[PDB]
Amino acid sequence: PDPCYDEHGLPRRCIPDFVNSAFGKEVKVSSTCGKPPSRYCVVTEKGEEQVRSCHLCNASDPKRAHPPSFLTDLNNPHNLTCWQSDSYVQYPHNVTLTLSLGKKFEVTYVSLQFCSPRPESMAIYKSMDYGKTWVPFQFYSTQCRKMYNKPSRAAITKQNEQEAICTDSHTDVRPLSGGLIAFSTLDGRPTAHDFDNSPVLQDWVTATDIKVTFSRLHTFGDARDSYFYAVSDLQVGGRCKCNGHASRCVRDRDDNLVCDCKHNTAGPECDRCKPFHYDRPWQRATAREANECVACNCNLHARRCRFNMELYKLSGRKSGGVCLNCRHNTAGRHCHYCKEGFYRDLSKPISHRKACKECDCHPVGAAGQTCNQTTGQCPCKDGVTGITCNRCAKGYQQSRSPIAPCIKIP
Amino acid sequence: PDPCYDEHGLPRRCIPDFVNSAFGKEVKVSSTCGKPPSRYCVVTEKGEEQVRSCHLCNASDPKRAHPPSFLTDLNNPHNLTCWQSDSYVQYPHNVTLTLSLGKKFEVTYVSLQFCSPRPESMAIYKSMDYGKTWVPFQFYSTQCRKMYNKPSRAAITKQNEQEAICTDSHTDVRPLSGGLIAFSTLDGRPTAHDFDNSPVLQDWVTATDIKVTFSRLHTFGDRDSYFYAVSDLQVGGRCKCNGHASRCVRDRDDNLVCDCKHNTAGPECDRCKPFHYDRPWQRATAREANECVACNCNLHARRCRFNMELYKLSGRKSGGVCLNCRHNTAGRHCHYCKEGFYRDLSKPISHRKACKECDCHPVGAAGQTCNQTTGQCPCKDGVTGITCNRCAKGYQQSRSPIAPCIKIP
Ligand SMILES: *[C@@H]1O[C@H](CO)[C@@H](O[C@@H]2O[C@H](CO)[C@@H](O[C@@H]3O[C@H](CO[C@H]4O[C@H](CO)[C@@H](O)[C@H](O)[C@@H]4O)[C@@H](O)[C@H](O[C@H]4O[C@H](CO)[C@@H](O)[C@H](O)[C@@H]4O)[C@@H]3O)[C@H](O)[C@H]2NC(C)=O)[C@H](O)[C@H]1NC(C)=O
Ligand SMILES: *[C@@H]1O[C@H](CO)[C@@H](O[C@@H]2O[C@H](CO)[C@@H](O[C@@H]3O[C@H](CO[C@H]4O[C@H](CO)[C@@H](O)[C@H](O)[C@@H]4O)[C@@H](O)[C@H](O[C@H]4O[C@H](CO)[C@@H](O)[C@H](O)[C@@H]4O)[C@@H]3O)[C@H](O)[C@H]2NC(C)=O)[C@H](O)[C@H]1NC(C)=O
Ligand SMILES: *[C@@H]1O[C@H](CO)[C@@H](O[C@@H]2O[C@H](CO)[C@@H](O)[C@H](O)[C@H]2NC(C)=O)[C@H](O)[C@H]1NC(C)=O
Ligand SMILES: *[C@@H]1O[C@H](CO)[C@@H](O[C@@H]2O[C@H](CO)[C@@H](O)[C@H](O)[C@H]2NC(C)=O)[C@H](O)[C@H]1NC(C)=O
Ligand SMILES: *[C@@H]1O[C@H](CO)[C@@H](O)[C@H](O)[C@H]1NC(C)=O
Ligand SMILES: *[C@@H]1O[C@H](CO)[C@@H](O)[C@H](O)[C@H]1NC(C)=O
Ligand SMILES: *[C@@H]1O[C@H](CO)[C@@H](O)[C@H](O)[C@H]1NC(C)=O
Ligand SMILES: *[C@@H]1O[C@H](CO)[C@@H](O)[C@H](O)[C@H]1NC(C)=O
């Protein structure tokens, strides 16, 4: 049924399961072979020396086309799907790959599979916006300094666990094909063991759009070959960012993947609370503490509320909701009292739809039109008694005077 | 298509076709031949002189039984189905036959059949209830007075189209067998030509359960075993759906009830369906199908009610009204933002989040209530704007926690 609530329906974290992020989707790139129909040469070794094949690329030749569809497709380890670039390209030039998702995500695995050898210098980007701003992610190079002005294999400081290192490790060839690079962002971070309480890291994992640019690749020797770029498939793992408030993500009314935000949360990412849940501040539900949102109490007399920080602060960290436009002649933070003109119908429940009633005070026996809104005792004058001030008191006789009804007796 | 809807799908009055009613139904009766096996004599007129035969009845004798199925079966004019009663019985006795239906009907004609001679005295009953209360109709006897305290062949006054007349017609023998009795309720009624606008006649046709009593039979001779007998019964009708259901269907508790279309409810289409009471229920007329009509809630309620004064004061126009307005709704159609939210004019008129909060400036607006129509918040003294955020012409803004706008020279 619902994993968002525990055995006893207790609100517990419900999460979309781990899935590859890039599966079956479109990517905008810089260029690709076949326009104009291009060639590319491929060398193969044997025992002690080399032998080089070479081929051509027309995108209008489907089997000689090598689209990025070869990347998002299923990677058959027995019928590979090699995408191809235009050939003869290198630094200094941006070999740029773009990606706009439309939903903010976190990544765990970053995996690749090669049809080409592994280049030397490249970096990672990301965009927490929808394709407007872009920031890098990590660095990789042999010469971190001369090319990137970077240190080789730097340390991850605790004061900036958002450090981006550069290394020459595993930038090697072999592999000439099928190279396996599995970036794990989780590696090396000293406070990764408690990521559930690493919000800056919980921001480092925040990502909406992704960009990948290359310029440099290795050399050998020394158009014989048409050096190019090629890759067989792509897998990158992550889970849909619902802040721990939705077990999956579905489309919008305008074709947009959104969370069905539970735990009283709203927004495409459960980033905000659901409306009228302005009682305690927004938080993410934790495993030990259900940080769901919570609506305001109006005692069934209003549908809107707001919040102030001092309220929760002065509440000993307990609550801060307050209702607005308290109907049924009610008033208060919980619409929990009748305003001037009405009183509390004590017979009705504490949240009844007509719990506030006007004071039907004796227009003669009561002195005013206001009754005790707590008790309902109307304004009994000098000798007048009774709740609505109707009866005369002991030793007090009713008179037909429209002003002085009850009079003491000696 | 649906006969409940016109050529252009207009919800035209739909009617069950005229069909026989008592075909195949069971009836509990008082007594009949065969218990114990009884005898009975039958006379035949050979041209001029007389000859009387005589027979017996065992109910446990299938071919010598005389079951009431002989009345409900199809009558072969060449293989008649003569039911018979016990013999040695006559007035004064309620020789009564009853029937509990379970569905209200409208009837026009009444037909009979005979294997025995046509007797003299018999009566009619019915129930607008389910076999509990019982009321008569016309009478048939020689002495409408001495027996029924009634006049013979009375007139059908317009002022009482509920008159109960008595006549001697067709109590004769011959026929001694194969007697033919036909009755038309509308005969004599001056107001039968406008039955659709003759509600008393629309009540005069009301019938749910039927009872019929016999007493007398002619002693023509007059040593004999006298009885009563009949070959079949056919009664045509249409299932009472007020013109709002084209038929009647069986219920989940075995109840042949109207499939009430035209927004009508009740086993007879006599009432409106729940949430179908904008104008009260009425019966489909030849001029107007007077169908029921739902309440208007603009997608903002689950229950509704009605008051006639609304329809009264509407110049005969409308009157539905909703209950329990959820999802930021309130009103007769739950059709306004309550003392609370305001109207998001950009959003459609019936959205589940249509009403929008009065986001009044906690400083720049004075009160917490906005002109929920215009959303105009309480702009203070130099403040303008809907939520009262801007200062007005000639007003200097201050960061004061109370008074932002200051007049300018
Ligand atoms: C990209 O890579 C792909 C696959 O390798 C190549 O695909 C070719 O696409 C063309 C489309 O034009 C096709 O060529 C076909 O062969 C014909 C040979 O010429 C004879 O044509 C007929 C018999 O087919 C004879 O009657 C005639 O007298 C010629 O002797 C072409 O002429 C045809 O192309 C014609 O079709 C297009 C519409 O499709 C018309 O607009 C033109 O008039 C054009 O002449 C015929 O369709 C075939 O599908 C592929 N040919 C191959 C693989 O050899 C692309 O050629 C390649 N891109 C480039 C730029 O070469
Ligand atoms: C009402 O109308 C019906 C229909 O016409 C008549 O139905 C009778 O039904 C009985 C039912 O039993 C029939 O009786 C039959 O005749 C036998 C005569 O007795 C001899 O039985 C055998 C030969 O059959 C001999 O060996 C024996 O020595 C007797 O000489 C009855 O004995 C039979 O009935 C027996 O069978 C039932 C089970 O079926 C047993 O439980 C009993 O022991 C019972 O005795 C045999 O069935 C008879 O034929 C029918 N009569 C007809 C068709 O005319 C009723 O008779 C009638 N009512 C009256 C009051 O007459
Ligand atoms: C290569 O570098 C970056 C992207 O990797 C691009 O940056 C450009 O910088 C100039 C500097 O004034 C701007 O005018 C351009 O608008 C930027 N390009 C954008 C924003 O797309 C640069 O254009 C790239 N060169 C290419 C792709 O040929
Ligand atoms: C004949 O007439 C009616 C039914 O046609 C019966 O009326 C009964 O009246 C007595 C009066 O005290 C009541 O106690 C009975 O309950 C009535 N019976 C009904 C209503 O069924 C009358 O009994 C009939 N006579 C019979 C059947 O022998
Ligand atoms: C791989 O699949 C493609 C898709 O049709 C097919 O054309 C090709 O022949 C397959 N590979 C081999 C070796 O057959
Ligand atoms: C109303 O009645 C209560 C009951 O004791 C009393 O304490 C109070 O003073 C009265 N007046 C109010 C609440 O204004
Ligand atoms: C009438 O039908 C019944 C059916 O059982 C049959 O027994 C009887 O002999 C028939 N009689 C005539 C006259 O057709
Ligand atoms: C609400 O706005 C209308 C629109 O001009 C205005 O006429 C009215 O005075 C405002 N206040 C109300 C209706 O209380």
# chains A, B, ... in the order shown; residues from 1 in each chain; ligands from 1
$ interface_residues --of "chain A" --to "chain B" --cutoff "8 Å" --atoms "only C-alpha atoms" --output "list in words"
residues 302, 303, 304, 324, 325, 326 and 327 of chain A
$ write_last_selection --atoms "C-alpha atoms" --output "tab-separated table (two decimals), in the first residue's frame"
chain	number	residue	atom	x	y	z
A	302	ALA	CA	-10.85	28.63	8.59
A	303	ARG	CA	-8.87	27.19	5.69
A	304	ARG	CA	-5.85	29.55	5.69
A	324	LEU	CA	-6.79	33.57	9.24
A	325	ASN	CA	-10.39	34.66	8.63
A	326	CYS	CA	-12.02	32.54	11.30
A	327	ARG	CA	-15.57	31.82	10.13
$ select_by_dssp --residues "stretch 189-308 of chain B" --states "alpha helix (DSSP H)" --output "VMD selection string"
chain B and resid 199 to 204 308
$ write_last_selection --atoms "N, CA and C atoms" --output "CSV table (one decimal), in the first residue's frame"
chain,number,residue,atom,x,y,z
B,199,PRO,N,-55.2,14.6,-13.0
B,199,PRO,CA,-54.4,13.9,-11.9
B,199,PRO,C,-55.3,12.9,-11.1
B,200,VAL,N,-56.5,13.3,-10.8
B,200,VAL,CA,-57.4,12.4,-10.2
B,200,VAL,C,-57.6,11.1,-11.0
B,201,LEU,N,-57.7,11.2,-12.3
B,201,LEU,CA,-57.6,10.0,-13.2
B,201,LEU,C,-56.3,9.4,-13.1
B,202,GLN,N,-55.2,10.2,-13.1
B,202,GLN,CA,-53.9,9.7,-12.9
B,202,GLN,C,-53.7,9.0,-11.5
B,203,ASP,N,-54.6,9.3,-10.6
B,203,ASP,CA,-54.7,8.6,-9.4
B,203,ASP,C,-55.8,7.5,-9.5
B,204,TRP,N,-56.8,7.7,-10.3
B,204,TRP,CA,-57.9,6.7,-10.4
B,204,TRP,C,-57.3,5.4,-11.1
B,308,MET,N,-39.1,25.2,-2.1
B,308,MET,CA,-40.1,25.6,-3.1
B,308,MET,C,-40.2,27.1,-3.2
$ residues_around --residues "stretch 166-170 of chain B" --least-positions-apart "5" --cutoff "7 Å" --atoms "only C-alpha atoms" --output "tab-separated table (two decimals) with N, CA, C and O atoms, in the first residue's frame"
chain	number	residue	atom	x	y	z
B	138	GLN	N	-66.32	-0.13	-9.55
B	138	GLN	CA	-67.68	-0.37	-10.00
B	138	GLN	C	-68.26	-1.65	-9.42
B	138	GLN	O	-67.53	-2.52	-8.93
B	139	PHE	N	-69.57	-1.80	-9.53
B	139	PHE	CA	-70.27	-2.96	-9.00
B	139	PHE	C	-71.07	-3.61	-10.12
B	139	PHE	O	-71.39	-2.97	-11.13
B	140	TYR	N	-71.40	-4.88	-9.93
B	140	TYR	CA	-72.19	-5.60	-10.92
B	140	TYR	C	-73.09	-6.57	-10.16
B	140	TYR	O	-72.60	-7.52	-9.54
B	141	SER	N	-74.40	-6.32	-10.24
B	141	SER	CA	-75.43	-7.09	-9.55
B	141	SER	C	-76.78	-6.62	-10.08
B	141	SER	O	-76.88	-5.59	-10.75
B	142	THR	N	-77.83	-7.39	-9.78
B	142	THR	CA	-79.19	-6.94	-10.10
B	142	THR	C	-79.65	-5.84	-9.15
B	142	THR	O	-80.11	-4.78	-9.59
B	144	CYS	N	-78.23	-3.31	-6.96
B	144	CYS	CA	-77.11	-2.52	-6.48
B	144	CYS	C	-77.38	-1.96	-5.10
B	144	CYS	O	-76.44	-1.68	-4.34
B	150	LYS	N	-76.21	0.69	-3.28
B	150	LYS	CA	-75.68	1.48	-4.37
B	150	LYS	C	-76.75	1.74	-5.42
B	150	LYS	O	-77.73	0.99	-5.52
B	151	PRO	N	-76.60	2.80	-6.21
B	151	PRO	CA	-77.49	2.99	-7.36
B	151	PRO	C	-77.00	2.19	-8.56
B	151	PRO	O	-75.81	1.95	-8.73
B	152	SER	N	-77.96	1.77	-9.38
B	152	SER	CA	-77.66	0.99	-10.58
B	152	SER	C	-77.40	1.95	-11.74
B	152	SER	O	-78.22	2.84	-12.01
B	153	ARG	N	-76.25	1.78	-12.40
B	153	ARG	CA	-75.85	2.59	-13.55
B	153	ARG	C	-75.85	4.07	-13.20
B	153	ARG	O	-76.54	4.89	-13.82
B	154	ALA	N	-75.07	4.42	-12.18
B	154	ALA	CA	-74.98	5.82	-11.80
B	154	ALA	C	-74.20	6.59	-12.86
B	154	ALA	O	-73.59	6.02	-13.77
B	181	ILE	N	-66.34	-10.86	-20.69
B	181	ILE	CA	-66.51	-9.66	-19.88
B	181	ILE	C	-65.40	-8.68	-20.23
B	181	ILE	O	-64.21	-9.02	-20.12
$ residues_around --residues "stretch 18-35 of chain A" --least-positions-apart "6" --cutoff "10 Å" --atoms "only C-alpha atoms" --output "JSON, numbers by chain"
{"A": [56, 57, 58, 59, 60, 61, 64, 65, 66, 67, 68, 69, 71, 72, 73, 74, 83, 84, 85, 86, 87, 89, 94, 95, 96, 97, 98, 99, 100, 101, 105, 106, 107, 108, 109, 110, 111, 210, 211, 212, 213, 228, 229, 230, 233, 234, 235, 236, 237, 238, 239, 240]}
$ write_last_selection --atoms "C-alpha atoms" --output "PDB file, in the first residue's frame"
ATOM      1  CA  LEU A  56      33.392   5.761 -43.090  1.00  0.00           C
ATOM      2  CA  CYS A  57      30.352   7.420 -41.535  1.00  0.00           C
ATOM      3  CA  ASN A  58      27.100   8.459 -43.105  1.00  0.00           C
ATOM      4  CA  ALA A  59      24.245   9.254 -40.746  1.00  0.00           C
ATOM      5  CA  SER A  60      21.992   8.609 -43.760  1.00  0.00           C
ATOM      6  CA  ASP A  61      23.619   5.146 -43.662  1.00  0.00           C
ATOM      7  CA  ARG A  64      27.112   3.476 -40.689  1.00  0.00           C
ATOM      8  CA  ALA A  65      25.262   6.094 -38.670  1.00  0.00           C
ATOM      9  CA  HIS A  66      26.389   6.090 -35.054  1.00  0.00           C
ATOM     10  CA  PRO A  67      23.834   8.179 -33.152  1.00  0.00           C
ATOM     11  CA  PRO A  68      23.783   8.909 -29.410  1.00  0.00           C
ATOM     12  CA  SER A  69      20.822   6.509 -29.435  1.00  0.00           C
ATOM     13  CA  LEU A  71      24.350   5.367 -25.857  1.00  0.00           C
ATOM     14  CA  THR A  72      20.936   5.393 -24.129  1.00  0.00           C
ATOM     15  CA  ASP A  73      19.983   2.037 -25.682  1.00  0.00           C
ATOM     16  CA  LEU A  74      20.561  -1.265 -23.943  1.00  0.00           C
ATOM     17  CA  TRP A  83      28.206   6.321 -31.166  1.00  0.00           C
ATOM     18  CA  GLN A  84      30.637   8.374 -33.251  1.00  0.00           C
ATOM     19  CA  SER A  85      31.769  12.009 -33.406  1.00  0.00           C
ATOM     20  CA  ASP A  86      33.137  13.997 -36.297  1.00  0.00           C
ATOM     21  CA  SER A  87      36.768  13.190 -36.593  1.00  0.00           C
ATOM     22  CA  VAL A  89      38.981  17.345 -33.354  1.00  0.00           C
ATOM     23  CA  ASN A  94      34.974  22.539 -26.459  1.00  0.00           C
ATOM     24  CA  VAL A  95      33.779  18.966 -27.056  1.00  0.00           C
ATOM     25  CA  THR A  96      30.509  19.861 -25.355  1.00  0.00           C
ATOM     26  CA  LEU A  97      27.570  17.672 -24.359  1.00  0.00           C
ATOM     27  CA  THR A  98      24.423  19.209 -22.907  1.00  0.00           C
ATOM     28  CA  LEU A  99      21.548  17.960 -20.787  1.00  0.00           C
ATOM     29  CA  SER A 100      18.433  19.687 -19.451  1.00  0.00           C
ATOM     30  CA  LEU A 101      16.282  17.375 -17.335  1.00  0.00           C
ATOM     31  CA  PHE A 105      18.414  14.895  -9.103  1.00  0.00           C
ATOM     32  CA  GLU A 106      21.126  13.216  -7.049  1.00  0.00           C
ATOM     33  CA  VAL A 107      23.652  10.764  -8.506  1.00  0.00           C
ATOM     34  CA  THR A 108      25.502   7.825  -6.915  1.00  0.00           C
ATOM     35  CA  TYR A 109      27.129   5.913  -9.805  1.00  0.00           C
ATOM     36  CA  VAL A 110      28.747   7.559 -12.820  1.00  0.00           C
ATOM     37  CA  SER A 111      29.672   4.801 -15.275  1.00  0.00           C
ATOM     38  CA  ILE A 210      24.268  18.343 -16.850  1.00  0.00           C
ATOM     39  CA  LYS A 211      26.997  19.429 -19.291  1.00  0.00           C
ATOM     40  CA  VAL A 212      30.120  17.541 -20.450  1.00  0.00           C
ATOM     41  CA  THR A 213      32.949  19.240 -22.418  1.00  0.00           C
ATOM     42  CA  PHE A 228      37.467  10.788 -33.642  1.00  0.00           C
ATOM     43  CA  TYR A 229      35.489  10.103 -30.486  1.00  0.00           C
ATOM     44  CA  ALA A 230      33.227   7.143 -29.800  1.00  0.00           C
ATOM     45  CA  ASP A 233      26.540   3.136 -23.887  1.00  0.00           C
ATOM     46  CA  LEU A 234      25.749   5.165 -20.778  1.00  0.00           C
ATOM     47  CA  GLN A 235      24.551   4.451 -17.229  1.00  0.00           C
ATOM     48  CA  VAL A 236      24.364   6.937 -14.331  1.00  0.00           C
ATOM     49  CA  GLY A 237      22.550   6.048 -11.115  1.00  0.00           C
ATOM     50  CA  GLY A 238      20.318   8.229  -8.988  1.00  0.00           C
ATOM     51  CA  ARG A 239      16.957   8.656  -7.293  1.00  0.00           C
ATOM     52  CA  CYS A 240      14.229  11.212  -7.880  1.00  0.00           C
TER      53      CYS A 240
END
$ select_by_dssp --residues "stretch 224-286 of chain A" --states "strand (DSSP E)" --output "PyMOL selection string"
chain A and resi 230-240+249-250+258-259+265-266+272-273
$ closest_residue --among "A:337, A:128, A:355, A:103" --to "residue A:270" --atoms "only C-alpha atoms"
A:103
$ decode --residues "stretch 46-59 of chain A" --atoms "N, CA and C atoms" --output "compact mmCIF listing (two decimals), in the first residue's frame"
# COMPACT_ATOMS: atom_id res chain seq x y z
N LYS A 46 48.47 -6.91 -32.32
CA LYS A 46 48.47 -8.38 -32.32
C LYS A 46 49.83 -8.88 -31.85
N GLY A 47 49.89 -9.36 -30.62
CA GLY A 47 51.11 -9.93 -30.08
C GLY A 47 52.17 -8.91 -29.73
N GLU A 48 52.80 -8.33 -30.75
CA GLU A 48 53.86 -7.35 -30.54
C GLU A 48 53.71 -6.07 -31.34
N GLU A 49 52.85 -6.03 -32.35
CA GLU A 49 52.77 -4.86 -33.22
C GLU A 49 51.30 -4.59 -33.57
N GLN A 50 51.09 -3.60 -34.42
CA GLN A 50 49.80 -3.00 -34.73
C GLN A 50 49.34 -3.38 -36.14
N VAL A 51 48.04 -3.18 -36.37
CA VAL A 51 47.43 -3.23 -37.70
C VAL A 51 46.17 -2.38 -37.65
N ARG A 52 45.99 -1.51 -38.65
CA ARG A 52 45.00 -0.45 -38.59
C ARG A 52 43.92 -0.63 -39.65
N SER A 53 42.66 -0.70 -39.21
CA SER A 53 41.52 -0.65 -40.10
C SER A 53 41.02 0.79 -40.20
N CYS A 54 40.04 1.02 -41.06
CA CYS A 54 39.53 2.37 -41.27
C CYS A 54 38.19 2.27 -41.98
N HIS A 55 37.26 3.16 -41.62
CA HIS A 55 35.90 3.07 -42.14
C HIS A 55 35.35 4.47 -42.38
N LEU A 56 34.07 4.53 -42.71
CA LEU A 56 33.39 5.76 -43.09
C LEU A 56 32.09 5.88 -42.30
N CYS A 57 31.52 7.08 -42.33
CA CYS A 57 30.35 7.42 -41.54
C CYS A 57 29.39 8.23 -42.38
N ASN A 58 28.24 7.66 -42.70
CA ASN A 58 27.10 8.46 -43.11
C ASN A 58 25.97 8.25 -42.11
N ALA A 59 25.44 9.35 -41.57
CA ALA A 59 24.24 9.25 -40.75
C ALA A 59 23.06 8.75 -41.57
